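Peer 1: One file: start_36.cif (mmCIF, C-alpha atoms).
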data_work
loop_
_atom_site.label_atom_id
_atom_site.label_comp_id
_atom_site.auth_asym_id
_atom_site.auth_seq_id
_atom_site.Cartn_x
_atom_site.Cartn_y
_atom_site.Cartn_z
CA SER A 1 0.00 0.00 0.00
CA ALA A 2 2.58 2.55 1.14
CA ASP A 3 5.47 0.75 -0.54
CA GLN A 4 4.03 1.29 -4.02
CA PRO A 5 2.22 3.95 -6.11
CA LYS A 6 -1.35 3.51 -4.89
CA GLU A 7 -4.17 5.42 -3.18
CA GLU A 8 -2.33 8.75 -3.23
CA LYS A 9 -3.50 11.78 -5.20
CA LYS A 10 -1.38 14.92 -5.51
CA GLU A 11 -0.48 17.73 -7.90
CA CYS A 12 0.95 16.62 -11.23
CA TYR A 13 4.03 18.25 -12.75
CA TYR A 14 4.73 18.29 -16.48
CA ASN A 15 7.69 20.63 -16.00
CA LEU A 16 9.69 19.46 -12.97
CA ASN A 17 10.20 19.83 -9.24
CA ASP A 18 13.39 18.04 -8.28
CA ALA A 19 11.47 17.35 -5.09
CA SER A 20 12.83 20.55 -3.56
CA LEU A 21 12.43 23.35 -6.11
CA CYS A 22 8.84 22.58 -7.14
CA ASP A 23 8.33 23.26 -10.86
CA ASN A 24 4.72 22.58 -11.87
CA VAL A 25 3.21 25.32 -14.03
CA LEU A 26 0.10 23.74 -15.55
CA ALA A 27 -0.66 20.35 -14.00
CA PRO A 28 -3.84 18.81 -12.49
CA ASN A 29 -4.03 17.02 -9.15
CA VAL A 30 -4.27 13.27 -9.64
CA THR A 31 -2.66 9.91 -8.88
CA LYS A 32 0.99 9.61 -9.93
CA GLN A 33 -0.23 6.63 -11.95
CA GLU A 34 -2.39 8.90 -14.12
CA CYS A 35 -0.21 12.01 -14.23
CA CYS A 36 3.02 10.14 -14.97
CA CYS A 37 1.27 7.61 -17.21
CA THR A 38 0.47 10.74 -19.20
CA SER A 39 4.22 11.27 -19.59
CA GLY A 40 5.02 14.20 -17.34
CA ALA A 41 8.15 14.74 -15.25
CA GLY A 42 7.22 14.55 -11.60
CA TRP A 43 4.26 13.89 -9.31
CA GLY A 44 3.88 14.94 -5.69
CA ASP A 45 2.96 17.67 -3.22
CA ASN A 46 4.57 20.93 -4.38
CA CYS A 47 8.33 20.54 -3.90
CA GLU A 48 7.80 16.92 -2.88
CA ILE A 49 7.55 15.45 -6.37
CA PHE A 50 9.01 12.23 -7.81
CA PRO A 51 10.69 12.31 -11.26
CA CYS A 52 8.03 10.61 -13.39
CA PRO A 53 7.83 9.05 -15.75
CA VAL A 54 10.94 7.39 -17.17
CA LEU A 55 9.41 5.65 -20.19
CA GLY A 56 10.25 2.03 -20.94
CA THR A 57 11.44 1.71 -17.36
CA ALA A 58 10.45 0.55 -13.88
CA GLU A 59 8.86 3.81 -12.77
CA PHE A 60 6.56 4.56 -15.69
CA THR A 61 5.77 0.91 -16.36
CA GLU A 62 4.34 1.06 -12.83
CA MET A 63 2.35 4.30 -13.07
CA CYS A 64 1.21 3.24 -16.54
CA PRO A 65 0.70 -0.51 -17.14
CA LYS A 66 -1.36 0.26 -20.24
CA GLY A 67 0.53 2.84 -22.29
CA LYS A 68 1.68 6.44 -22.58
CA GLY A 69 -1.32 8.63 -23.35
CA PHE A 70 -4.16 7.63 -21.04
CA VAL A 71 -5.15 10.82 -19.24
CA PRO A 72 -5.82 14.21 -20.93
CA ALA A 73 -3.03 16.44 -22.24
CA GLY A 74 -0.45 13.71 -22.71
CA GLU A 75 -3.10 11.61 -24.43
#
Any chance you could put this one into C-alpha cells?

Peer 2:
Amino acid sequence: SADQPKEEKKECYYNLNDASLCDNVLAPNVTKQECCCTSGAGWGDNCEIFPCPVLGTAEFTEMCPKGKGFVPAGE
C-alpha cells in the first residue's frame, strides 16, 4: 500500500520539481499513476515530487501498465 504507487492523489508536474524546487506550471491534481502515465516529469505535493515518468522503465511501467497517453493532455 505505502510501498508502491497507490491510493495517493497529488499535484501533477509536467515541468519538474526536483522534489525541492517545485516546478509545476500547468498540472492537475491526480494519482501519480495517471499524471506520470500521461508522460510528465514529476508527481507529488509541491516541492515533494518524484521524477516521473521514465518511459520504458520501472517507474513509468508502474504508473502506466497500459501505455503512454491515457489521461488528458499527454493523451

Peer 1: On this structure, which residues satisfy the PyMOL selection byres ((chain A and resi 32) around 10), written as a PyMOL selection string?

Peer 2: chain A and resi 5-13+29-31+33-38+40+42-44+49-50+52-53+60+62-64

Peer 1: Figure out the distance between CA of residue 68 in chain A and CA of residue 21 in chain A, please, to one decimal in Å.

Peer 2: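 CA of residue 21 in chain A sits 25.9 Å away from CA of residue 68 in chain A.
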
Peer 1: To one decimal in Å, tell me the separation between CA of residue 23 in chain A and CA of residue 48 in chain A.

Peer 2: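 These two atoms are separated by 10.2 Å.
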